[PDB]
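Enquirer: Could you have a look at this structure, given as structure tokens, before my questions?
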Amino acid sequence: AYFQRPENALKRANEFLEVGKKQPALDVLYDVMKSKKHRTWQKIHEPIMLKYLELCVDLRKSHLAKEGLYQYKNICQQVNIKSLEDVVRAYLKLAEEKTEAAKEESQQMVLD
Amino acid sequence: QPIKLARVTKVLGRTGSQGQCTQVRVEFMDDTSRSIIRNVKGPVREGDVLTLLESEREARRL
Amino acid sequence: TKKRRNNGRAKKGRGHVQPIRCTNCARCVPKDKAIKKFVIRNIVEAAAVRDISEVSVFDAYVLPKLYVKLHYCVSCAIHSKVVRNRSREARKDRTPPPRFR
Amino acid sequence: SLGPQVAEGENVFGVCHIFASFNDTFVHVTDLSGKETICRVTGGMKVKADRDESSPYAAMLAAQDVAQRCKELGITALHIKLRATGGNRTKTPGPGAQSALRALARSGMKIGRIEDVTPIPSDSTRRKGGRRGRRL
Amino acid sequence: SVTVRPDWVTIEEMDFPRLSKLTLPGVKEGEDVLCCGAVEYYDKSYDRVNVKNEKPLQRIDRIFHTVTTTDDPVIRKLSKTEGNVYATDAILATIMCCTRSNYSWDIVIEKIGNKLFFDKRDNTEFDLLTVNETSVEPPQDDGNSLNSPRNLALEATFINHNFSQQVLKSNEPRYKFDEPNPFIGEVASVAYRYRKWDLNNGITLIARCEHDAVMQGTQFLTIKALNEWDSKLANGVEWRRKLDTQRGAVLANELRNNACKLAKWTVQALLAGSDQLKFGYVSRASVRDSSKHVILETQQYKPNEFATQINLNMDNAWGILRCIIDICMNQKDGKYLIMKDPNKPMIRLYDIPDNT
Amino acid sequence: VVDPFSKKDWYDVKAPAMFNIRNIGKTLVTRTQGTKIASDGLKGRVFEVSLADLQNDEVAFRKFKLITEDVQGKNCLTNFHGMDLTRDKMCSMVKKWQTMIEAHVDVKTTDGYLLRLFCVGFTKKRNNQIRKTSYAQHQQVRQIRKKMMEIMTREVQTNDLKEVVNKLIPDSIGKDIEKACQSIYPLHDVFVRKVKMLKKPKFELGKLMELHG
RNA sequence: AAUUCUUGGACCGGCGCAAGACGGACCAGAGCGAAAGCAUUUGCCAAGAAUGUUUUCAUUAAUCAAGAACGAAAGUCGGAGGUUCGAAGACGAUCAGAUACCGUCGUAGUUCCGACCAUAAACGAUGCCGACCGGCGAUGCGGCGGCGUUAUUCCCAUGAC
Ligand SMILES: [Mg+2]
Ligand SMILES: [Zn+2]
């Protein structure tokens, strides 16, 4: 296995980030979404996916946010679809702000 | 501890020193899925009831 | 008369293999002559597990196991019934006994 | 005789060193440090016969006296450090190991975390008994 | 049970191991505030009915009122007088023996002020009787089959509503409490009586409790009907075989297959304070004939004896109930939904708009 | 005829800021009767705490040794001493039909602390492998071991003890070595088996009270 | 069981220090060596079989009286060392007896350096060199050809299958 009690994925993910290794911090969260722990949406699955898509943006890996959401939509089917709505809105929200900063950065510091 | 009903589902084999205890697979009337193995004195039949003083302890299968 | 082909031992192309102390005696047997056995055991036997499953502070702490590798000399192995005597035909059977349950 | 921990939830941890030879049993509670001893009741203090110092019974008595003695000082839970003799000798724990660990769980203590701490050598000094072993 | 919409906010989640560990002592006696309806006398002469001397199960036209907390006029009156938790027997029987739950079920909590109206959804499958729920395999058949979970549950509900009336001397002078039935010759034998439970943690509980009939010896009866449809596939033993050498076996086997149904029915009687719960052993004519039925036998059990026998714990039942009433007397107003996970063992709690 | 636990003060133990759960437990001492002092006798006690208990709930197979290098007042202040994998873990990993590769480096942090780190790694059997063995040749083994030493030294050498413990709380060193040695021979069960403490700098308190928040 | 050890605190738990041995598990009918034999890391020194080759010399070869190098363990002499184990010893048991098996101690020895010794069920109980005579599936080292999987993301090219 990898995990018992799927909330521990967040603690390993958080522990790796204090060192500054977001690739293996993402590997941890990726391993939990695709496992036995498919119990129709635990209350802890949102903070896992919120952190997962933050790290997917920070590293720029669209094909991982694909697989991540593709697993999530399955484990949060008609049980609760508000979770999909909150997650994918928060994903595209986070990516929009990275591009806002990226332009203003290049367009005031680097443009000057 | 509350006294609980285990139901004999399939008689397996005979045990003890002098072949005196029938070892039987019981299916709990309380919980849907839990099936344990118990050593039982006297003659026991496929499809009758036992009153277990404890519903957690299990006998060593052979 | 020649009883085994491999003279009761798994040495073929050495000359010398360093000896081992038997775990019942302290008899010196060569490393490959000895009957080896690997016992992976739960620390708490069979029923103790249930009492320590309830009187534990933690939530599904998979209580540890006990790994012990045992070397027996041929006499100690036969006496403890780790091995037994076999037929002239059955002697050549090297496939270890089935452990289905 | 006053561990100032909270009455409701707070568990005070000791650590119990269960040294179980094949002719004696020890049950020995200490600090998490492992320096300051609280209890040590052997298998041999309880029973008065040499042949049953390494008994499941004697180990059951020993763990019961240790449990009762440490409940007064206010040790609620225990970590466990099981060991056989080790070194050149046996690494299977004695027959008192199981009965002792069971006994101080039947006697209303809490079990933290368990581990083997046998002195396993890299490679050791020559074992007692001749080249030809213990012949009987 | 229901398709869950994307506007529905999950607030609290509770799984069956956590709910199994719950307890409450100190639960006080139920106080008969009101006793309503009229109940018939039972013919003890339908117990000279064994495997050899059976009876025709006839269609009896008597009108059953499936009125919830919302549409109860006495509860509507009592609402302002005293009480802050209003329920029916079927609803609290579900929440109490929730631990055995297999299929998807739902309860609408309506917190209007400092109140809990444990209401049920009218025109949803809540007043169906489930069949072979807790077998090695539930019936894996399709809606067009006759041995389907829907069709078996349909006929199981019908034969129960038939049996309760058929066994009864239903045109000999009735036992009247104080009032006529608050819902309306045409009527069915049933009496609704309301009871106060003072519940330790600071909750007052007003539940509607239903007696089916009266028997002499007087005595109050909760009466239900056990169904046997096609034993050989159903994963149970035959009833018609002898039932007389194997009565205890035929009982305990049909119990495990109907673990939740028999648990809801028994805690239903304990709630009402019925001193005896009777049964009705109903099977088909041929193993694939949905229309015909014949009554093989009946056996009577004091629900206190039966609940300790089958399995229940009053502390668990009241310990789970105090937890849920505490949760939803803690969080905000409007419509809620206690829905159990269709495929997994865990109950969930959604917060929903004013509509559905 | 003297109750020997009448003269015993209980002291709360504190772990450094690097762990989630601060307080480890309680510690016994004798009241300052004569010349020998409670706090001075209490200073230099080694506490072997599992990382599961030291964090909230995680791996229980990694243990941290902590020394009460000073006492402030009714409070023992512990500091990172060493680290060790549990017997159960090490015994479970070491299994037959593969190559076990062991390295050790004697490396010093930026501040005084000079550690000895032991790394271990076992040759992984491929997903479509039909060959039973999966052994590494001697030159492949010592190229792996050379790379083990090269990472283990680089990770510690360049930063201080607060950050090396932050690396040992996950197993960032073991994951880095494992990914690095994929070209030579794919390893799988790679950890930093043990951390030892050989030398400490002459004790400071301001340096301790930065580690204790 | 007793001999023995201990309130002049033994055994047990903790932190240190010193010494002299040995290299667990991984370790296999695997590898190397003329045989005896050989296992922690790294460095230095010289050697070696096998494969590869359209290089070189061109019979320089095979086996061997005499003569010669190495030769487990125990044993001997001199020096250093002595942790564990332990022939003789000393007692404690067992037994009819027990000079034995079982137990507690324990000297030579067990370890290293320099000189002798030259035997072992030193075994494959099987001299060395060369040729021919069935099949099959693995295994260790070297070379050669070949779908595809994988690590270097950047894949040529190297490793793992
Ligand atoms: Mg030899
Ligand atoms: Zn032996």
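Protein chains in written order, with the deposited numbering: chain 1, 3 to 114; chain d, 7 to 68; chain b, 2 to 102; chain P, 16 to 151; chain 9, 172 to 355, 361 to 393, 398 to 536; chain C, 21 to 233.
Beta carbons are placed, not taken as given, at the ideal position from N, Cα and C, and that holds for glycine.
Please compile the residues from chain b whose C-beta is within a distance smaller than 8 Å of the C-beta of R63 (chain d).
Expert: As a first step, residue 63 (chain d) must be located in the second sequence, where it is residue number 57. Those within 8 Å of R63 (chain d) in chain b are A48, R51.
Enquirer: Residues of chain C with a CB under 7 Å from the CB of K66 (chain b): which are they?
Expert: Residue numbering aside, residue 66 (chain b) sits at position 65 when the third sequence is read from its first letter. The contacting residues are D108.
Enquirer: How many whole angstroms separate the CB atoms of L56 (chain d) and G19 (chain d), which I take to be in contact at a CB cut-off of 8 Å?
Expert: Residue 56 (chain d) sits at position 50 when you count from the first residue of the second sequence. Residue 19 (chain d) sits at position 13 when you count from the first residue of the second sequence. 17 Å between Cβ atoms; not a contact.
Enquirer: Can you tell me whether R146 (chain C) is buried or exposed, with buried defined as 16 or more other CB within 10 angstroms of its CB?
Expert: Here the question's residue 146 (chain C) lines up with position 126 in the sixth sequence. With fewer than 16 other Cβ atoms within 10 Å, it is exposed.
Enquirer: With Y516 (chain 9) as the anchor, note down where its beta strand (DSSP E) starts and where it stops.
Expert: In the fifth sequence, counting from the first residue as 1, residue 516 (chain 9) sits at position 336. That run of the beta strand (DSSP E) goes 514-520.
Enquirer: With a threshold of 8 Å between beta carbons, is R66 (chain d) in contact with chain b?
Expert: The residue labelled residue 66 (chain d) in the question sits at position 60 within the second sequence. True, the Cβ-Cβ gap to chain b drops below 8 Å.
Enquirer: Going by beta carbon distance, what residues of the same chain come within less than 7 Å of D495 (chain 9), once the five residues before and after it are set aside?
Expert: As a working note, residue 495 (chain 9) is residue 315 in the fifth sequence. If we look at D495 (chain 9) and ignore the five residues flanking it on each side, its Cβ neighbours are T194, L195, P196.
Enquirer: Using DSSP with H/G/I as helix, E/B as strand and the rest coil, what is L67 (chain b)?
Expert: Counting from 1 along the third sequence, the entry for residue 67 (chain b) is found at position 66. Note: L67 (chain b) maps to strand in three-state DSSP.
Enquirer: Could you work out which residues of chain b lie near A80 (chain C), taking near to mean beta carbons separated by less than 8 Å?
Expert: Position 60 of the sixth sequence, counting from 1, holds the residue named residue 80 (chain C). Correct list: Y62.
Enquirer: Just the Cα atoms here: how many angstroms apart are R468 (chain 9) and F459 (chain 9)?
Expert: By 1-based counting over the fifth sequence, the position of residue 468 (chain 9) is 288. By 1-based counting over the fifth sequence, the position of residue 459 (chain 9) is 279. In a straight line, the C-alpha of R468 (chain 9) is about 23 Å away from that of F459 (chain 9).
Enquirer: What is the C-beta distance between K128 (chain C) and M103 (chain C), in whole angstroms, given that I count them as a contact (C-beta under 8 Å)?
Expert: Along the sixth sequence, one-based indexing puts residue 128 (chain C) at 108. Along the sixth sequence, one-based indexing puts residue 103 (chain C) at 83. Contact doesn't hold; Cβ gap of about 17 Å is too wide.
Enquirer: Let me check you understand the geometry: is the CB of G16 (chain b) closer than 7 Å to at least one non-hydrogen atom of ligand 1?
Expert: Start at 1 with the first residue of the third sequence, and residue 16 (chain b) comes out as number 15. Yes; taking the cut-off as 7 Å, the Cβ of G16 (chain b) has a heavy atom of ligand 1 nearer than that.
Enquirer: Under 8 Å between beta-carbons, which chain 9 residues line up against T38 (chain d)? List them in chain order, please.
Expert: Taking the first residue of the second sequence as position 1, residue 38 (chain d) is located at position 32. Residues of chain 9 passing the Cβ test: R271, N273, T305, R436, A439.
Enquirer: Here's the rule: buried if 16 or more other CB atoms are within 10 angstroms of the residue's CB, otherwise exposed. What is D243 (chain 9)?
Expert: Here the question's residue 243 (chain 9) lines up with position 72 in the fifth sequence. It counts as buried.
Enquirer: Quick test of the definition: if touching needs 3 or more C-beta pairs under 8 Å, does the segment 419-430 of chain 9 touch the segment 290-305 of chain 9?
Expert: Contact between the segment 419-430 of chain 9 and the segment 290-305 of chain 9 is absent, because fewer than three Cβ pairs lie under 8 Å.
Enquirer: Could you pull the DSSP bridge partners for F142 (chain C) from this structure?
Expert: In the sixth sequence, counting from the first residue as 1, residue 142 (chain C) sits at position 122. Partner(s): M120 (chain C).
Enquirer: Pull up the CB-CB distance for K106 (chain P) and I135 (chain P), whole angstroms please, since I reckon it's below 8 Å.
Expert: Within the fourth sequence, residue 106 (chain P) is the residue found at index 91, counting from 1. Within the fourth sequence, residue 135 (chain P) is the residue found at index 120, counting from 1. Sure, about 7 Å apart at Cβ, within 8 Å.
Enquirer: In angstroms with no decimal places, state the Cα-to-Cα distance between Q109 (chain 1) and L61 (chain 1).
Expert: In the first sequence, the residue the question calls residue 109 (chain 1) occupies position 107. In the first sequence, the residue the question calls residue 61 (chain 1) occupies position 59. If I take the Cα positions, the gap works out to 22 Å.
Enquirer: Determine the burial state of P19 (chain P): buried for a count of at least 16 other Cβ atoms within 10 Å of its Cβ, exposed for fewer.
Expert: Counting from one through the fourth sequence, the residue named residue 19 (chain P) turns up at place 4. The residue in question, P19 (chain P), is exposed, as its Cβ has fewer than 16 Cβ neighbours within 10 Å.
Enquirer: Go to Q159 (chain C), then tell me how far its alpha helix (DSSP H) extends in each direction, as first and last residue.
Expert: What you label residue 159 (chain C) is simply residue 139 of the sixth sequence in a count that begins at 1. Taken as a continuous stretch (DSSP letters only), the alpha helix (DSSP H) holding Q159 (chain C) covers 158-177.
Enquirer: Just the chain b side, please: which residues come within less than 8 Å of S112 (chain C) by C-beta, in chain order?
Expert: Here the question's residue 112 (chain C) lines up with position 92 in the sixth sequence. By Cβ distance, chain b contributes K66, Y68.
Enquirer: Listed from N- to C-terminal order along the chain, which residues in the segment 101-114 of chain P have their beta-carbon within a distance smaller than 9 Å of any beta-carbon of chain b?
Expert: Against chain b - using a Cβ distance shorter than 9 Å - the residues of the segment 101-114 of chain P are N103, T105, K106, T107, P108, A112, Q113, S114.
Enquirer: Which chain C residues are close to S70 (chain P), counting only those with a beta carbon under 9 Å from its beta carbon?
Expert: One-based indexing of the fourth sequence puts residue 70 (chain P) at position 55. Ordered by position in chain C, no residue passes the 9 Å Cβ test against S70 (chain P), which lies about 26 Å from the chain.
Enquirer: Taking 7 Å as the line, does the beta carbon of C96 (chain C) fall inside it for any heavy atom of ligand 2?
Expert: For the purposes of this step, residue 96 (chain C) is taken as the residue at position 76 of the sixth sequence. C96 (chain C) Cβ: outside cutoff for every heavy atom of ligand 2.
Enquirer: Figure out for me which residue from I403 (chain 9), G254 (chain 9), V307 (chain 9), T478 (chain 9) has the closest Cα to the Cα of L375 (chain 9).
Expert: To locate residue 375 (chain 9), count along the fifth sequence from 1; it is residue 199. Comparing Cα positions, the closest option is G254 (chain 9).
Enquirer: Hey, is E56 (chain 1)'s beta-carbon within less than 8 Å of any beta-carbon in chain C?
Expert: Translated into the one-based positions of the first sequence, residue 56 (chain 1) becomes position 54. Output row for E56 (chain 1): interface = no.
Enquirer: For ligand 2, is there any heavy atom lying closer than 7 Å to the beta carbon of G148 (chain P)?
Expert: Looking up residue 148 (chain P) in the fourth sequence gives position 133. At least one heavy atom of ligand 2 is nearer than 7 Å to the Cβ of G148 (chain P), so yes.
Enquirer: Along chain d, which residues have their Cβ under 8 Å away from the Cβ of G428 (chain 9)?
Expert: Counting from one through the fifth sequence, the residue named residue 428 (chain 9) turns up at place 248. Near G428 (chain 9) (Cβ distances below 8 Å), the residues of chain d are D54, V55.
Enquirer: Between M75 (chain P) and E68 (chain P), what straight-line distance do the alpha-carbon atoms span, to the nearest angstrom?
Expert: Reading the fourth sequence from its first residue, position 60 is the one you call residue 75 (chain P). Reading the fourth sequence from its first residue, position 53 is the one you call residue 68 (chain P). Going from the Cα of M75 (chain P) to the Cα of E68 (chain P) covers about 11 Å.
Enquirer: Using 8 Å as the threshold, is the C-beta distance between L442 (chain 9) and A449 (chain 9) below it?
Expert: Locating residue 442 (chain 9) in the fifth sequence gives position 262, where the first residue counts as 1. Locating residue 449 (chain 9) in the fifth sequence gives position 269, where the first residue counts as 1. No.
Enquirer: Leaving out the 5 sequence neighbours to the left and right, which residues in its chain are closer than 8 Å to residue 1 (chain b) when beta-carbon positions are compared?
Expert: Given a span of 2 to 102 for chain b in the structure shown, any question on residue 1 (chain b) remains unanswerable.
Enquirer: Is the beta carbon of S76 (chain b) within less than 7 Å of some heavy atom of ligand 3?
Expert: The model on display carries ligand 1 and ligand 2 but not ligand 3.
Enquirer: Look at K340 (chain 9) and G514 (chain 9) and say whether their C-beta atoms are less than 8 Å apart.
Expert: Here residue 340 (chain 9) corresponds to residue number 169 of the fifth sequence, with the count starting at 1. Here residue 514 (chain 9) corresponds to residue number 334 of the fifth sequence, with the count starting at 1. Not in contact: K340 (chain 9) and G514 (chain 9) (Cβ atoms no closer than 8 Å).
Enquirer: Excluding the 5 residues preceding and the 5 following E56 (chain 1) in the sequence, name in chain order all residues of the same chain whose CB lies nearer than 8 Å to its CB.
Expert: Within the first sequence, the letter at position 54 stands for residue 56 (chain 1). Answer for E56 (chain 1): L96, listed in chain order.
Enquirer: CB of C23 (chain b) to nearest heavy atom of ligand 2: below 7 Å?
Expert: As a working note, residue 23 (chain b) is residue 22 in the third sequence. Yes - ligand 2 has a heavy atom lying nearer than 7 Å to the Cβ of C23 (chain b).
Enquirer: Taking CB distances under 8 Å as the criterion, tell me whether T52 (chain C) reaches chain P.
Expert: Numbered from 1 along the sixth sequence, position 32 holds the residue referred to as residue 52 (chain C). By this cut-off, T52 (chain C) is not an interface position.
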